[PDB]
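K.L.:
Below is one structure. I have some questions about it.
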Amino acid sequence: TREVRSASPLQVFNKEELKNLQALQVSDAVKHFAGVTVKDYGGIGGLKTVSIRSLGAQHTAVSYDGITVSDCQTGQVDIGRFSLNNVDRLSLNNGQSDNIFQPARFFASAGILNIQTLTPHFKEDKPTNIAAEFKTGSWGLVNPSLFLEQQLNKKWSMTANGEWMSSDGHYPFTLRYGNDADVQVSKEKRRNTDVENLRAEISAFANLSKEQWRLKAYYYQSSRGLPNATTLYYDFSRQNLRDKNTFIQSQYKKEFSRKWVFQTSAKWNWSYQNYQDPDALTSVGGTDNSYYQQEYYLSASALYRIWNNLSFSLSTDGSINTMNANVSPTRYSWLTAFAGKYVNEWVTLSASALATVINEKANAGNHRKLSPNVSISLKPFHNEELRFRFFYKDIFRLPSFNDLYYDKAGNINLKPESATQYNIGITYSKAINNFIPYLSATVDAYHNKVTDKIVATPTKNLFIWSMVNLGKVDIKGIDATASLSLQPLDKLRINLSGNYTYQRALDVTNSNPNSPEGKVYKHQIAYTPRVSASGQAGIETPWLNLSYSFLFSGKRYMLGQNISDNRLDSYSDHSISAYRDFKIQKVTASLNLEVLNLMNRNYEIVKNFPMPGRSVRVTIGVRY
Amino acid sequence: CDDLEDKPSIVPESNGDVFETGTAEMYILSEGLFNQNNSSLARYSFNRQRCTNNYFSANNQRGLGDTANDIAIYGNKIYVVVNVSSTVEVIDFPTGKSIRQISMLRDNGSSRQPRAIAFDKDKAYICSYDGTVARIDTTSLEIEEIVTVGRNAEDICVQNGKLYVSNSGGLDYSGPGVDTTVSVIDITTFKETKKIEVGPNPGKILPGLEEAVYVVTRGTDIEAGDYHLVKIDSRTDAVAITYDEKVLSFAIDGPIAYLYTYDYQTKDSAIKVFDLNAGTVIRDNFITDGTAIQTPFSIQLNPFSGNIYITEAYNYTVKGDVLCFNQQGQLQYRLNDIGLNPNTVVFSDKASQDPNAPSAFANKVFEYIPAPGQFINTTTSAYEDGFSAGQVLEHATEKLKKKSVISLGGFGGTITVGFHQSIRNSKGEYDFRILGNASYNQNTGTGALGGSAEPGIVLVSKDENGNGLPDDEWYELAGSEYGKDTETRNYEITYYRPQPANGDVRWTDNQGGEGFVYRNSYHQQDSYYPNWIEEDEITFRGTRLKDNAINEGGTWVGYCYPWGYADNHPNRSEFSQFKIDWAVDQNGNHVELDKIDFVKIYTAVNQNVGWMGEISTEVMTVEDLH
């Protein structure tokens, strides 16, 4: 299967594993990818950006059904925007992402998170599939869904997804007025987390002649409240954030007989962001910043096979990213990537190379940097599925439009960072006997070097945070994972999984002690747990399915200074769920009962943004 | 395996001698970061020598809030204006416990975001980014009246019975621009009486002497470096003088102001000394000892010791410093890692948690006749306007009781001090110590712990007649320079009162030398000549030492003689102590005395330096070891 043969470090959750990982809005399931440090905010509908291996959170690229989405305004992408109702396959690639048949924007990013949309099967007869997954509970959370699927002409299929997601989200978090132990404590309710998400999707799959002409039309309107940080003695926020993201996406694939595969990608993305703060003390009575984004994306990637085992890829891209506000930037980008000697050989080298070059015409930088990537999957010992893997990858951040064109707080001369990665790993899998149908363990020691890091440093006056290239973070962590399914007796799967990360991410920007950043030399960076880990346990019985999932994160620090005054404590998030399917005259009903944060721990991952406590979520679903 | 641990601060807490004249407690307010609510209020107790970084959280078992902006001590209470948390902590002074929580909130639940506090006739007036000034009683601690002063306000001050509030309008930079107004509020009716067009974005505002208000005005863009300092006459409430020198903030004593500028493009920081009367800069660098400064966050002035407290914030991410400088710019000490972005340092003398007692720190000055100098006719010379010589003597005793520094002026000016009890003679080791305000430079031209040495000859005498009067025979102490060619015995100098009151003071000696002690722009009193002296010409008699100050430019170093002189060395770390066994008579013979009572100190060096004036022996407080 997958996750073993991949040269780059791949982790995959299928539909049954994401079923076992009880979560919504994707980012609660991203936390189990064994290297991911998530930067999160409050609960449902918060900003939930992702860092791949404690790199920058803008070094990730999340791809919605074959094309990466690109947030330009504060390029840390909102992962909680995507919901888990229609996700067939979730996958994290730390590198080249195995095969070289991708659009060019998938390359030159230090890690990609691939969300795959449910591809309909259409079993015999049955033109029409109807699915609803009404989820409710957890302080006013409501979520109806519709999944109208329809076959048209035996090669055309249409999927219309709808998701209303009104919410209240008042969490009974526990606020501590300090950091030490002898502190008076309060039971305060979270305010202004009213999320009113709405997602619409019309996807057309055209299995022509192999040929695919997959299309998607996505709409997303939201009216989420943006809660403030829990400042002491004062919690009254009225910040509203309206998003109106939409895109029309096209994905043509053609197999031009032997030694030729061709692909076209197209995308028109329009985004709207209205940030209202009526409690702000601007003399016109509150900020009403509106941001308009547009992305024209094109790709004409081709793959040519020299032999049956060796291949090359030439992937040309194109992007016009325009922005308007309330100056008014426009970025023209051109990526082309030549994938090198990719060999898929049996018990010898599975080596692969990739050189991608980029060209941006923006009043800003005009970079033409070349980015190499080498991934080898050498495999001795033919009798067992044991892989040695090694990939070197040099990626780089682009400075976001908030980093360049925010109202004279962001710099214009930002150097566009670096991400230099040398992961080496051992991947083992076996299916010995029938007591253990599947066993797998994968350990990757990796060394990430970030140079010229774009960081927001405060200035303690008006236009508070300012962009500066002051950071040279060196990451030297090791990430292990395991998946062990054992079946005692019969039909009683005790499917287990686990993950662990010894993350050593030291800021080494300036070695001398006589410097403001010399106190940060050889010190852990701000939001990065050292001993982050996770685990899951699925109990598959025919009368009731059970699932458990726990998150451990070690002593997260703050600001990189590493004193006990700005320590964040280690947390454990334990969760349980139950699943049941009913067959009612060929209609599949599904009952789901999820308890999230089972041990009622009021924990925070970013300071003064407390995560929800024990929540109960009830899902009733109708299939066909 | 969690090997991640809190790595220590490595550097020590204090990197200098922590001495201060008459200051009991010193409170440092630290902002922390925005939306991170790790603000703090640290203290240093000079009496107990105790440093407490988390004093508010150690007392009330709860954090201070988010971005605590201002602190002020008034009427045995400490008022802390906390911005993002929108609170005013009004904590009690002797206990340190919070007594009442004032909610700086509007009609709805929206925060007013208050910034600064000013006091006038037991009412606390607090300005906000809401554009409001609130009056709070010091007894009931309730918001009595709210006035609207227009756009966003940053700092508030009291002068001539009127509140001056700097309407910054800072948050409107992306819209209608920053405001350009300072509002004037009366006490009696408490309405906005006048609005002064001052210049764009007025920030820190402070009253001064000669009945005036000094306010710093920024640019329309803060990074543009269009800073100015505006002197506003409080009689007419109009802009009087606009100084074009770049200021972020400033601290005022007398006619002079210590002000720092800090650009944001090149990150260049400078701290200058400025004359508020002449309108010109005096020293383009305030730190004249080579101490590196990177990010001064704010500058304060000790109201009753004269020192200058500049806080360090660095990258606004690591814990800052608090650096104490003297008037001359030499570093006294620095508190390291005292808090996250230390904003405001305030001072007190009443402490928290007896003249009849001996207390080993002397009792009362008997004779005080100083030579003319730069410190004469000021508060450090025990003189105020219109008081006679006996009033100067009893103020000298009062300043000696409160451990305040007393100056001696130029050459020959002498002071005579006694104790509660006679100091017994300790054979083989030292007997008494004289505390001095001299500080050491870390690097000089030569060794021997150089810095600002102002040597003075000490004399001792025994109260044999027991009348408590300085009529006994005086014995000079043989110092390290005694008996050599480096000293000039039988030196008689005389000073003439200048015919202008504000003139340079002329001195002539019996060695054929004629000269002046010069006026400098730091000390701008009526005369450098002592005003309680009724005679035109005064004379002094004593030994002249060799001049120890060497011109290295603007970085004059007083090189220290080894031993045997007052204010010759810093007051700790040896060679500042004295024993009875060094005393010799007029003929130079050694005299052994079983006890001692009377200590006389006069300045040994007749030398002009320049911007630090003449060599002046400053006596802190004499103290015995028994």
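As shown in the structure tokens, the chain order sets the letters A, B, ...; within each chain, residues go from 1, and ligands are also counted from 1 in the order they appear.
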If you count only C-alpha atoms, which residues fall within 9 Å of segment 11-25 of chain B, apart from same-chain ones fewer than 3 positions away, as a ChimeraX atom specification?

P.N.:
/B:8,43-49,51,302,304-307,331-338,346-352,402-405,572,620

K.L.:
Output the contact residues of chain B with respect to chain A at a cut-off of 7 Å, based on only C-alpha atoms, as a ChimeraX atom specification.

P.N.:
/B:2,4,6-8,35-37,61-63,65-66,85,109-110,129-130,151,170-172,314-318

K.L.:
I'd like the contact shell of residue 502 of chain B - 9 Å cut-off, only C-alpha atoms, skipping same-chain residues fewer than 4 positions apart - returned as a PyMOL selection string.

P.N.:
chain B and resi 498+519+524-528

K.L.:
Selection from above, C-alpha atoms, as a CSV table (one decimal), in the first residue's frame, can you write it?

P.N.:
chain,number,residue,atom,x,y,z
B,498,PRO,CA,30.9,88.8,40.6
B,519,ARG,CA,29.1,78.9,34.4
B,524,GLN,CA,21.2,77.9,36.1
B,525,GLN,CA,20.5,79.3,39.6
B,526,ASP,CA,21.0,83.0,40.6
B,527,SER,CA,24.7,82.8,41.5
B,528,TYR,CA,27.4,80.2,41.9

K.L.:
Write out as a PyMOL selection string each polymer residue whose atoms come within 9 Å of segment 204-221 of chain B, counting only C-alpha atoms; drop sequence neighbours fewer than 3 positions from it.

P.N.:
chain B and resi 154-160+164-166+168+173+177-180+182+198-201+224-235+246-255

K.L.:
Please run DSSP on the backbone and report, as an NGL selection string, all residues within segment 360-605 of chain A that come out as strand (DSSP E).

P.N.:
:A and (360-361 or 370-376 or 385-395 or 419-430 or 438-445 or 448-449 or 454-458 or 465-469 or 473-475 or 478-485 or 496-502 or 505-507 or 523-524 or 533-540 or 545-553 or 571-584 or 587-596 or 604-605)

K.L.:
Give the alpha helix (DSSP H) residues of segment 15-178 of chain B, as assigned by DSSP on the backbone, as a ChimeraX atom specification.

P.N.:
/B:55-60

K.L.:
Env of residue 159 of chain A: 7 Å cut, atoms = only C-alpha atoms, seq-sep filter 5 positions within chain, self excluded. Answer as JSON, numbers by chain.

P.N.:
{"A": [147, 148, 149, 150, 202, 203, 204]}

K.L.:
Would you list the contacts of segment 379-391 of chain A as a compact mmCIF listing (two decimals) with N, CA, C and O atoms, in the first residue's frame, taking every protein, DNA or RNA residue within 12 Å and counting only C-alpha atoms, but skipping same-chain residues closer than 2 positions in sequence?

P.N.:
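And here's out.txt as it stands now:
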# COMPACT_ATOMS: atom_id res chain seq x y z
N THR A 1 0.83 -1.20 0.00
CA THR A 1 0.00 0.00 0.00
C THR A 1 0.87 1.26 0.00
O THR A 1 2.08 1.19 -0.20
N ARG A 2 0.23 2.40 0.23
CA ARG A 2 0.93 3.68 0.26
C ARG A 2 1.58 3.87 1.63
O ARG A 2 1.63 2.94 2.45
N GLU A 3 2.19 5.05 1.84
CA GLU A 3 2.81 5.56 3.08
C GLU A 3 4.14 4.84 3.37
O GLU A 3 4.92 5.28 4.22
N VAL A 4 4.45 3.79 2.61
CA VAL A 4 5.70 3.06 2.72
C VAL A 4 6.55 3.21 1.47
O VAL A 4 7.76 3.48 1.56
N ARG A 5 5.95 3.09 0.29
CA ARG A 5 6.67 3.20 -0.97
C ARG A 5 7.02 4.64 -1.33
O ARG A 5 7.80 4.84 -2.26
N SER A 6 6.47 5.62 -0.63
CA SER A 6 6.71 7.02 -0.96
C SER A 6 8.13 7.42 -0.59
O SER A 6 8.59 7.16 0.52
N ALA A 7 8.83 8.06 -1.54
CA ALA A 7 10.18 8.55 -1.28
C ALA A 7 10.18 9.71 -0.29
O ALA A 7 10.96 9.70 0.67
N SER A 8 9.34 10.70 -0.50
CA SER A 8 9.14 11.77 0.46
C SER A 8 8.33 11.25 1.64
O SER A 8 7.64 10.24 1.53
N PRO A 9 8.39 11.93 2.78
CA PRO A 9 7.65 11.44 3.96
C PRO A 9 6.16 11.72 3.83
O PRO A 9 5.71 12.86 3.92
N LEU A 10 5.40 10.65 3.60
CA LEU A 10 3.96 10.71 3.39
C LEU A 10 3.22 10.14 4.59
O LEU A 10 3.61 9.10 5.12
N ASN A 93 2.46 15.51 2.92
CA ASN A 93 3.75 15.23 2.32
C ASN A 93 4.75 16.25 2.82
O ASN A 93 4.52 17.45 2.70
N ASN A 94 5.86 15.78 3.36
CA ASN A 94 6.91 16.66 3.85
C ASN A 94 7.90 17.06 2.77
O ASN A 94 8.83 17.82 3.04
N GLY A 95 7.71 16.58 1.54
CA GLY A 95 8.70 16.78 0.50
C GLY A 95 8.13 16.84 -0.90
O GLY A 95 7.18 17.58 -1.18
N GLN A 96 8.74 16.05 -1.80
CA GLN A 96 8.42 16.00 -3.22
C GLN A 96 7.03 15.41 -3.50
O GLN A 96 6.54 15.55 -4.63
N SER A 97 6.40 14.78 -2.50
CA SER A 97 5.10 14.12 -2.60
C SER A 97 5.13 12.96 -3.60
O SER A 97 4.31 12.90 -4.52
N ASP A 98 6.09 12.05 -3.39
CA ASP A 98 6.22 10.77 -4.10
C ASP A 98 6.33 10.95 -5.61
O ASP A 98 7.42 11.20 -6.13
N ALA A 110 7.61 23.60 1.31
CA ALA A 110 8.31 22.65 2.16
C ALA A 110 7.41 21.56 2.72
O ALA A 110 7.92 20.59 3.30
N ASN A 344 11.67 4.10 -10.55
CA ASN A 344 10.84 3.27 -9.68
C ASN A 344 11.32 1.83 -9.89
O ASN A 344 10.76 1.09 -10.70
N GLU A 345 12.35 1.45 -9.16
CA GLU A 345 13.03 0.18 -9.34
C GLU A 345 12.74 -0.71 -8.13
O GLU A 345 12.42 -0.24 -7.04
N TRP A 346 12.85 -2.03 -8.34
CA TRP A 346 12.26 -3.04 -7.47
C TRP A 346 12.96 -3.17 -6.12
O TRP A 346 12.35 -2.89 -5.08
N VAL A 347 14.24 -3.57 -6.10
CA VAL A 347 14.98 -3.70 -4.84
C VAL A 347 16.23 -2.84 -4.85
O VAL A 347 17.15 -3.04 -4.05
N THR A 348 16.28 -1.87 -5.75
CA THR A 348 17.42 -0.99 -5.88
C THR A 348 16.87 0.43 -5.64
O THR A 348 15.77 0.59 -5.10
N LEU A 349 17.66 1.46 -5.98
CA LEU A 349 17.34 2.88 -5.82
C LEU A 349 15.98 3.28 -6.38
O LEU A 349 15.60 2.86 -7.48
N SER A 350 15.24 4.08 -5.63
CA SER A 350 14.04 4.74 -6.10
C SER A 350 14.26 6.24 -6.13
O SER A 350 13.40 7.03 -5.72
N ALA A 351 15.43 6.65 -6.61
CA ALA A 351 15.87 8.03 -6.53
C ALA A 351 15.05 8.93 -7.44
O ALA A 351 14.40 8.47 -8.39
N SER A 352 15.07 10.22 -7.14
CA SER A 352 14.28 11.21 -7.85
C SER A 352 14.88 12.58 -7.61
O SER A 352 15.39 12.87 -6.52
N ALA A 353 14.81 13.43 -8.62
CA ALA A 353 15.31 14.79 -8.53
C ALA A 353 14.26 15.74 -9.08
O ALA A 353 13.34 15.33 -9.79
N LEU A 354 14.39 17.01 -8.72
CA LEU A 354 13.43 18.03 -9.12
C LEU A 354 14.09 19.39 -8.99
O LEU A 354 14.52 19.76 -7.90
N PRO A 372 16.20 23.11 -5.66
CA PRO A 372 16.39 21.68 -5.92
C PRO A 372 15.69 20.82 -4.88
O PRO A 372 15.32 21.29 -3.80
N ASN A 373 15.54 19.54 -5.22
CA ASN A 373 14.88 18.57 -4.36
C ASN A 373 15.34 17.20 -4.83
O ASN A 373 15.19 16.86 -6.00
N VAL A 374 15.90 16.42 -3.91
CA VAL A 374 16.37 15.06 -4.20
C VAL A 374 15.73 14.12 -3.19
O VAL A 374 15.78 14.38 -1.99
N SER A 375 15.12 13.04 -3.67
CA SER A 375 14.47 12.06 -2.80
C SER A 375 14.83 10.65 -3.22
O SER A 375 14.49 10.22 -4.33
N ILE A 376 15.50 9.92 -2.33
CA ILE A 376 15.96 8.56 -2.58
C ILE A 376 15.25 7.64 -1.61
O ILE A 376 15.08 7.97 -0.43
N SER A 377 14.81 6.48 -2.10
CA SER A 377 14.07 5.50 -1.32
C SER A 377 14.71 4.12 -1.45
O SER A 377 14.07 3.15 -1.84
N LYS A 393 15.61 19.06 0.44
CA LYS A 393 14.70 19.98 -0.23
C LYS A 393 14.96 21.40 0.23
O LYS A 393 14.98 21.67 1.43
N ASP A 394 15.16 22.30 -0.72
CA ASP A 394 15.31 23.72 -0.45
C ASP A 394 14.09 24.45 -0.99
O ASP A 394 13.96 24.62 -2.21
N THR A 420 15.57 24.56 4.34
CA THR A 420 16.53 23.58 3.84
C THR A 420 16.43 22.32 4.70
O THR A 420 16.78 22.35 5.88
N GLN A 421 15.98 21.22 4.10
CA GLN A 421 15.52 20.04 4.82
C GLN A 421 16.29 18.80 4.37
O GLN A 421 16.47 18.59 3.17
N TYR A 422 16.74 18.00 5.34
CA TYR A 422 17.59 16.83 5.08
C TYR A 422 17.05 15.60 5.84
O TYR A 422 17.79 14.96 6.57
N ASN A 423 15.77 15.31 5.67
CA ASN A 423 15.16 14.20 6.40
C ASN A 423 15.70 12.85 5.93
O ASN A 423 15.79 12.59 4.73
N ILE A 424 16.04 11.99 6.88
CA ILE A 424 16.45 10.61 6.62
C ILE A 424 15.64 9.70 7.53
O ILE A 424 15.46 9.99 8.72
N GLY A 425 15.11 8.61 6.98
CA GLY A 425 14.11 7.83 7.67
C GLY A 425 14.17 6.35 7.35
O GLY A 425 14.74 5.92 6.35
N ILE A 426 13.53 5.57 8.22
CA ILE A 426 13.41 4.13 8.11
C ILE A 426 11.93 3.80 8.18
O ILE A 426 11.24 4.23 9.11
N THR A 427 11.42 3.06 7.19
CA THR A 427 10.00 2.77 7.09
C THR A 427 9.80 1.26 6.98
O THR A 427 10.26 0.65 6.01
N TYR A 428 9.09 0.67 7.93
CA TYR A 428 8.95 -0.77 8.00
C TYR A 428 7.48 -1.13 8.04
O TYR A 428 6.69 -0.45 8.70
N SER A 429 7.11 -2.20 7.33
CA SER A 429 5.73 -2.68 7.34
C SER A 429 5.71 -4.19 7.13
O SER A 429 6.50 -4.73 6.35
N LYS A 430 4.81 -4.86 7.84
CA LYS A 430 4.69 -6.31 7.76
C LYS A 430 3.23 -6.68 8.01
O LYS A 430 2.50 -5.95 8.69
N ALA A 431 2.82 -7.81 7.45
CA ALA A 431 1.48 -8.34 7.65
C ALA A 431 1.56 -9.77 8.18
O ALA A 431 0.90 -10.67 7.65
N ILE A 432 2.38 -9.98 9.21
CA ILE A 432 2.66 -11.32 9.71
C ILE A 432 1.43 -11.88 10.42
O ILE A 432 0.74 -11.17 11.16
N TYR A 438 -1.98 -5.93 9.98
CA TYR A 438 -1.10 -4.89 9.46
C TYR A 438 -0.30 -4.29 10.60
O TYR A 438 -0.85 -3.97 11.66
N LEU A 439 1.00 -4.14 10.39
CA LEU A 439 1.90 -3.47 11.32
C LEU A 439 2.81 -2.57 10.51
O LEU A 439 3.24 -2.96 9.42
N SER A 440 3.09 -1.38 11.02
CA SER A 440 3.98 -0.45 10.34
C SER A 440 4.58 0.53 11.34
O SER A 440 3.90 0.96 12.28
N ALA A 441 5.84 0.89 11.12
CA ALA A 441 6.55 1.84 11.96
C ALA A 441 7.51 2.64 11.10
O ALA A 441 8.21 2.07 10.26
N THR A 442 7.58 3.95 11.33
CA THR A 442 8.30 4.85 10.44
C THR A 442 8.96 5.95 11.25
O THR A 442 8.27 6.75 11.89
N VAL A 443 10.29 6.00 11.22
CA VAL A 443 11.06 6.94 12.02
C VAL A 443 11.90 7.80 11.09
O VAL A 443 12.71 7.28 10.33
N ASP A 444 11.73 9.12 11.17
CA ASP A 444 12.45 10.06 10.31
C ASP A 444 13.17 11.09 11.17
O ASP A 444 12.52 11.92 11.81
N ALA A 445 14.49 11.05 11.18
CA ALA A 445 15.29 12.11 11.78
C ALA A 445 15.57 13.16 10.72
O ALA A 445 16.14 12.85 9.67
N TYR A 446 15.18 14.39 11.00
CA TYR A 446 15.22 15.45 10.01
C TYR A 446 15.94 16.68 10.55
O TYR A 446 15.91 16.95 11.75
N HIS A 447 16.58 17.41 9.65
CA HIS A 447 17.32 18.62 9.99
C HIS A 447 16.85 19.74 9.08
O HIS A 447 17.26 19.80 7.91
N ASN A 448 16.02 20.63 9.60
CA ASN A 448 15.50 21.76 8.84
C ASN A 448 16.30 23.01 9.19
O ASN A 448 16.46 23.34 10.37

K.L.:
From the options B:419, B:457, B:614, B:425, which residue's atoms come nearest to residue 515 of chain B, counting only C-alpha atoms?

P.N.:
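Ranked by minimum distance to residue 515 of chain B, first place goes to B:614.
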
K.L.:
Excluding same-chain residues fewer than 6 positions from residue 140 of chain A, what lies within 8 Å of it counting only C-alpha atoms, as a PDB file with N, CA, C and O atoms, in the first residue's frame?

P.N.:
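Saved the output as selection_26.pdb:
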ATOM      1  N   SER A 167     -23.250  28.407  14.549  1.00  0.00           N
ATOM      2  CA  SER A 167     -22.668  27.991  15.815  1.00  0.00           C
ATOM      3  C   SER A 167     -22.770  29.125  16.821  1.00  0.00           C
ATOM      4  O   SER A 167     -22.986  30.284  16.462  1.00  0.00           O
ATOM      5  N   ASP A 168     -22.619  28.769  18.095  1.00  0.00           N
ATOM      6  CA  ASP A 168     -22.553  29.734  19.185  1.00  0.00           C
ATOM      7  C   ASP A 168     -21.181  29.726  19.843  1.00  0.00           C
ATOM      8  O   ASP A 168     -20.526  30.769  19.927  1.00  0.00           O
ATOM      9  N   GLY A 169     -20.730  28.565  20.308  1.00  0.00           N
ATOM     10  CA  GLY A 169     -19.363  28.370  20.764  1.00  0.00           C
ATOM     11  C   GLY A 169     -18.927  29.139  21.992  1.00  0.00           C
ATOM     12  O   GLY A 169     -17.830  29.707  21.999  1.00  0.00           O
TER      13      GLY A 169
END

K.L.:
Just to confirm, what's the straight-line distance from atom CA of residue 263 of chain A to atom CA of residue 209 of chain A in Å (one decimal)?

P.N.:
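That distance, rounded to one decimal, is 15.4 Å.
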